[PDB]
Amino acid sequence: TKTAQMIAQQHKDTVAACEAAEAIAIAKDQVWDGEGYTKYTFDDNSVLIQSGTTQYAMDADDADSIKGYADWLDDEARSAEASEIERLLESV
Ligand SMILES: [Ca+2]
């Protein structure tokens with residue numbers, strides 16, 4: 001088991017996993033698009049990648065906010081949430 005996986009298993013909260021990763025990473029790279037991501041590469045060629053947008057604040061009375069929630073969900077969760085999202089939009 002490589003370093004990135006051990007960090008992800010032992011430090012489930014992003015802030016703690018970040019401390020572990022930054023202590024030993026040989027590279028740190030940013031992905032700017034989408035949620036934004038920070039990539040920590042380790043000596044064993046594993047990589048821990050952390051999302052920069054892991055929360056969403058939805059105003060249920062605002063169509064754009066609801067649509068933004070839907071877009072921010074991954075595809076599988078969006079399918080699970082689709083009928084609720086439709087209910088929300090119809091109520092606006
Ligand atoms: Ca995500």
# chains A, B, ... in the order shown; residues from 1 in each chain; ligands from 1

$ residues_near_ligand --ligand "ligand 1" --cutoff "12 Å" --atoms "only C-alpha atoms and all ligand atoms" --output "PDB file with N, CA, C and O atoms, in the first residue's frame"
ATOM      1  N   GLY A  34     -13.109  23.392 -12.578  1.00  0.00           N
ATOM      2  CA  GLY A  34     -14.100  22.624 -11.857  1.00  0.00           C
ATOM      3  C   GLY A  34     -14.094  22.963 -10.387  1.00  0.00           C
ATOM      4  O   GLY A  34     -14.111  24.130 -10.004  1.00  0.00           O
ATOM      5  N   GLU A  35     -14.045  21.934  -9.555  1.00  0.00           N
ATOM      6  CA  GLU A  35     -13.999  22.150  -8.119  1.00  0.00           C
ATOM      7  C   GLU A  35     -12.675  22.776  -7.686  1.00  0.00           C
ATOM      8  O   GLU A  35     -12.581  23.363  -6.605  1.00  0.00           O
ATOM      9  N   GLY A  36     -11.654  22.645  -8.534  1.00  0.00           N
ATOM     10  CA  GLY A  36     -10.284  22.943  -8.158  1.00  0.00           C
ATOM     11  C   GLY A  36      -9.726  21.771  -7.370  1.00  0.00           C
ATOM     12  O   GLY A  36     -10.438  21.162  -6.569  1.00  0.00           O
ATOM     13  N   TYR A  37      -8.461  21.432  -7.598  1.00  0.00           N
ATOM     14  CA  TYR A  37      -7.855  20.283  -6.940  1.00  0.00           C
ATOM     15  C   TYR A  37      -6.401  20.577  -6.642  1.00  0.00           C
ATOM     16  O   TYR A  37      -5.730  21.272  -7.411  1.00  0.00           O
ATOM     17  N   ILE A  49      -4.921  13.563  -4.226  1.00  0.00           N
ATOM     18  CA  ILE A  49      -5.572  14.734  -4.814  1.00  0.00           C
ATOM     19  C   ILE A  49      -6.741  15.158  -3.930  1.00  0.00           C
ATOM     20  O   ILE A  49      -7.573  14.327  -3.561  1.00  0.00           O
ATOM     21  N   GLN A  50      -6.789  16.438  -3.571  1.00  0.00           N
ATOM     22  CA  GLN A  50      -7.834  16.965  -2.698  1.00  0.00           C
ATOM     23  C   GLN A  50      -8.674  17.995  -3.429  1.00  0.00           C
ATOM     24  O   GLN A  50      -8.130  18.907  -4.052  1.00  0.00           O
ATOM     25  N   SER A  51      -9.994  17.843  -3.374  1.00  0.00           N
ATOM     26  CA  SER A  51     -10.885  18.824  -3.977  1.00  0.00           C
ATOM     27  C   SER A  51     -10.904  20.116  -3.161  1.00  0.00           C
ATOM     28  O   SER A  51     -10.899  20.088  -1.914  1.00  0.00           O
ATOM     29  N   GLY A  52     -10.977  21.243  -3.869  1.00  0.00           N
ATOM     30  CA  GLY A  52     -11.156  22.542  -3.251  1.00  0.00           C
ATOM     31  C   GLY A  52     -12.596  23.014  -3.144  1.00  0.00           C
ATOM     32  O   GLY A  52     -12.839  24.125  -2.670  1.00  0.00           O
ATOM     33  N   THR A  53     -13.561  22.196  -3.578  1.00  0.00           N
ATOM     34  CA  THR A  53     -14.973  22.562  -3.442  1.00  0.00           C
ATOM     35  C   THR A  53     -15.745  21.319  -3.038  1.00  0.00           C
ATOM     36  O   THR A  53     -16.386  20.654  -3.862  1.00  0.00           O
ATOM     37  N   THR A  54     -15.667  21.006  -1.751  1.00  0.00           N
ATOM     38  CA  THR A  54     -16.308  19.813  -1.210  1.00  0.00           C
ATOM     39  C   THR A  54     -17.640  20.122  -0.544  1.00  0.00           C
ATOM     40  O   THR A  54     -18.312  19.210  -0.095  1.00  0.00           O
ATOM     41  N   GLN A  55     -18.009  21.401  -0.495  1.00  0.00           N
ATOM     42  CA  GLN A  55     -19.299  21.829   0.050  1.00  0.00           C
ATOM     43  C   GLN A  55     -20.067  22.665  -0.945  1.00  0.00           C
ATOM     44  O   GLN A  55     -19.473  23.325  -1.796  1.00  0.00           O
ATOM     45  N   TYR A  56     -21.388  22.651  -0.817  1.00  0.00           N
ATOM     46  CA  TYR A  56     -22.252  23.502  -1.618  1.00  0.00           C
ATOM     47  C   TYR A  56     -23.352  24.075  -0.721  1.00  0.00           C
ATOM     48  O   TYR A  56     -23.970  23.342   0.041  1.00  0.00           O
ATOM     49  N   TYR A  69     -26.323  23.396  -7.659  1.00  0.00           N
ATOM     50  CA  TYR A  69     -26.215  22.193  -6.837  1.00  0.00           C
ATOM     51  C   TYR A  69     -26.200  20.958  -7.723  1.00  0.00           C
ATOM     52  O   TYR A  69     -25.320  20.099  -7.609  1.00  0.00           O
ATOM     53  N   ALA A  70     -27.163  20.889  -8.637  1.00  0.00           N
ATOM     54  CA  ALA A  70     -27.252  19.757  -9.546  1.00  0.00           C
ATOM     55  C   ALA A  70     -25.955  19.585 -10.341  1.00  0.00           C
ATOM     56  O   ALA A  70     -25.450  18.468 -10.488  1.00  0.00           O
ATOM     57  N   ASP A  71     -25.396  20.692 -10.818  1.00  0.00           N
ATOM     58  CA  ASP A  71     -24.170  20.633 -11.613  1.00  0.00           C
ATOM     59  C   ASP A  71     -22.964  20.198 -10.791  1.00  0.00           C
ATOM     60  O   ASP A  71     -22.048  19.566 -11.305  1.00  0.00           O
ATOM     61  N   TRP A  72     -22.961  20.567  -9.519  1.00  0.00           N
ATOM     62  CA  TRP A  72     -21.843  20.291  -8.628  1.00  0.00           C
ATOM     63  C   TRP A  72     -21.814  18.827  -8.163  1.00  0.00           C
ATOM     64  O   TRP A  72     -20.743  18.254  -7.957  1.00  0.00           O
ATOM     65  N   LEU A  73     -22.984  18.217  -8.001  1.00  0.00           N
ATOM     66  CA  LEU A  73     -23.042  16.781  -7.752  1.00  0.00           C
ATOM     67  C   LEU A  73     -22.319  16.022  -8.860  1.00  0.00           C
ATOM     68  O   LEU A  73     -22.339  16.449 -10.016  1.00  0.00           O
ATOM     69  N   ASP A  74     -21.716  14.885  -8.520  1.00  0.00           N
ATOM     70  CA  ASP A  74     -21.220  13.975  -9.550  1.00  0.00           C
ATOM     71  C   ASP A  74     -22.411  13.337 -10.281  1.00  0.00           C
ATOM     72  O   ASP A  74     -23.545  13.410  -9.803  1.00  0.00           O
ATOM     73  N   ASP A  75     -22.165  12.720 -11.434  1.00  0.00           N
ATOM     74  CA  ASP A  75     -23.253  12.215 -12.274  1.00  0.00           C
ATOM     75  C   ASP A  75     -24.147  11.194 -11.560  1.00  0.00           C
ATOM     76  O   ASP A  75     -25.363  11.179 -11.745  1.00  0.00           O
ATOM     77  N   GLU A  76     -23.544  10.310 -10.774  1.00  0.00           N
ATOM     78  CA  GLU A  76     -24.309   9.265 -10.097  1.00  0.00           C
ATOM     79  C   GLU A  76     -25.205   9.856  -9.007  1.00  0.00           C
ATOM     80  O   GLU A  76     -26.392   9.514  -8.897  1.00  0.00           O
ATOM     81  N   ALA A  77     -24.648  10.751  -8.202  1.00  0.00           N
ATOM     82  CA  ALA A  77     -25.451  11.388  -7.175  1.00  0.00           C
ATOM     83  C   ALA A  77     -26.543  12.262  -7.803  1.00  0.00           C
ATOM     84  O   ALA A  77     -27.650  12.361  -7.261  1.00  0.00           O
ATOM     85  N   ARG A  78     -26.245  12.891  -8.941  1.00  0.00           N
ATOM     86  CA  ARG A  78     -27.258  13.704  -9.608  1.00  0.00           C
ATOM     87  C   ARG A  78     -28.455  12.835  -9.996  1.00  0.00           C
ATOM     88  O   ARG A  78     -29.606  13.243  -9.828  1.00  0.00           O
TER      89      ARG A  78
END

$ residues_around --residues "region 19-33 of chain A" --least-positions-apart "4" --cutoff "10 Å" --atoms "only C-alpha atoms" --output "number ranges by chain"
A: 3-4, 7-8, 10-11, 14-15, 37-52

$ atom_distance --atom1 "CA of residue 89 (chain A)" --atom2 "CA of residue 57 (chain A)"
15.7 Å
